[PDB]
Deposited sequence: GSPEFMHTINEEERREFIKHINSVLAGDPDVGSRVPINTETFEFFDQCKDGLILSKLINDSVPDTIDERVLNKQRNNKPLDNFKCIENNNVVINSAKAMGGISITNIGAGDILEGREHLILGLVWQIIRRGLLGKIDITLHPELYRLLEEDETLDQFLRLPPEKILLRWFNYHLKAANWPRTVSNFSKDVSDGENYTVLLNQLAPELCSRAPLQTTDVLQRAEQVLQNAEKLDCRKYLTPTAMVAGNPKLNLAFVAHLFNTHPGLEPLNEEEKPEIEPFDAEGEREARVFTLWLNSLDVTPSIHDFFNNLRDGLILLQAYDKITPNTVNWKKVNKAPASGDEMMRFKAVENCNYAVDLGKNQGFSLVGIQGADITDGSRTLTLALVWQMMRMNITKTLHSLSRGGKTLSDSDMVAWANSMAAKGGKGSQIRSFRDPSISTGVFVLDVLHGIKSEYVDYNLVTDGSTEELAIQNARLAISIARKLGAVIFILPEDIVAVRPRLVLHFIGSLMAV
């Protein structure tokens, strides 16, 4: 484990949890000991970090809040941590399970800590495509935009070697605020001293965060990325519906299957058929004969059209073989980026997976019937006609379903009548966090239930049938 990463990460956690009512009794965590990992065992600190990175991910009222907490309660809390992390996007957590957190696995925990911190670095918001790129691909263009403006011959393509001598940072800071930061550090020969001078120039903008002189010279990818992220949030230095949701949900799902170039633009990243073909293999090993597949051009250019169409025609047939309903869809439709048909094909893949995993002939009506049976076990809302039923908007039905699965998890004193959009979203957010506490893998947001997006509601119910 890296000494600085541990120290700095804990420091960041200390300031974020500062005076938190629930974990306040331990906030000031030592930056030089195991202390931290033991403090992470009951999932509270991690759950808090998750909500700081992406606000409202976890309805904290589902967490057990006693600081010696028995293993059983720590596992429930850790289920919420693990399953929330899986749905935030940009995070990869396969090597870590609720039990790993309970045991204080240092590498796994610190690994998850970094993923959570990294996911929160930029915060909120073709430009629409640009803003969905990972942190590194938004900051590099930015960093370079300035170095180019500063007429500096150097360019940045990473946050390790390219920033490790302190020169690019010095020019960047001087370009961002000519009045407080000069290019004088460029004249310092000792690189370690230059790094310190650069960070002192950072304090003038209140941006001396995460990075240390030694971490800079060492080219630590994480600490340097975080440093640049914060500088970007405070000193940009720049002079002045249902379809989209399904796309984002499907993107999280497919990425969860670990397809190579993670997806950041659903309506363009599946055109050469490679992502879809990988998914088929991840779901059913040995399904794809890769000797018949056209590979992405090493040159970086777009695959030739006829080659992408062949790849997509193959993807569609593998779907037909598996029982998918794709009668009106063709390879070329996917290659040309058909919104409706690309969503339809991925949906069939997600839908069939639900049927098969729940088998290890499940109709939509069968799922609605299962959901109603569960909800009728002391529920407060109403039975539903189908996953398209408007009543689902209040978010009460989903809480009733959960109440049927585990009555103890649903305290109706915490359930509103969802008479307003805000109250409905709170019911939905509570339902999602409760489902995660049960171990459910959910890729939707509260708004998908409140707006009653049928396919997304079915995905949620299907995840519950599998806990």
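Taking the first deposited residue as 1, the stretches without any C-alpha atom are 1 to 8, 76 to 78, 137 to 152, 268 to 280, 401 to 406.
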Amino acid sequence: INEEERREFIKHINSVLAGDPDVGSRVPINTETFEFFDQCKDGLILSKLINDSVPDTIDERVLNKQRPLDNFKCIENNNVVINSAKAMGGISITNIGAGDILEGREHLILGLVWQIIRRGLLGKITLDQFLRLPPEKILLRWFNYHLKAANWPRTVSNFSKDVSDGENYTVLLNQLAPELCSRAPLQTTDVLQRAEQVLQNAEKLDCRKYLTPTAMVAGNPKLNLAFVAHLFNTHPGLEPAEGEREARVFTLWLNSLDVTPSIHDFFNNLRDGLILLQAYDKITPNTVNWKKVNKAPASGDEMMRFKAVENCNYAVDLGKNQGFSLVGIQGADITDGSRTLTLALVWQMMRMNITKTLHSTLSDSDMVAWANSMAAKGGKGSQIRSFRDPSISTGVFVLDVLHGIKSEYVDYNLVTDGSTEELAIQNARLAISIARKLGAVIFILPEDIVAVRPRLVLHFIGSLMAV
From here on, numbers count along this sequence of modelled residues.
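Of the two segments examined, 192 to 200 and 369 to 377, it is 192 to 200 that shows the higher average Cα temperature factor in the deposited entry. Legend: mean Cα B-factor per stretch from the PDB entry, 248 to 256 versus 225 to 233; the higher mean is in 225 to 233. The entry lists C-alpha B-factors for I82, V309, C181, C74, and the highest of these is at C181. In the PDB entry, the Cα temperature factor peaks, among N51, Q426, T33, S433, at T33. For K86, the recorded CA temperature factor ranks within the middle third of the chain's modelled residues. Per the PDB record, residue ranking by Cα B-factor puts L63 in the middle third of the chain. Annotation for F324: C-alpha temperature factor in the middle third relative to the rest of the modelled chain, per the entry. Among all modelled residues in its chain, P28 ranks in the highest third by Cα B-factor. Looking at the C-alpha B-factors along this chain, the one for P390 belongs to the middle third.
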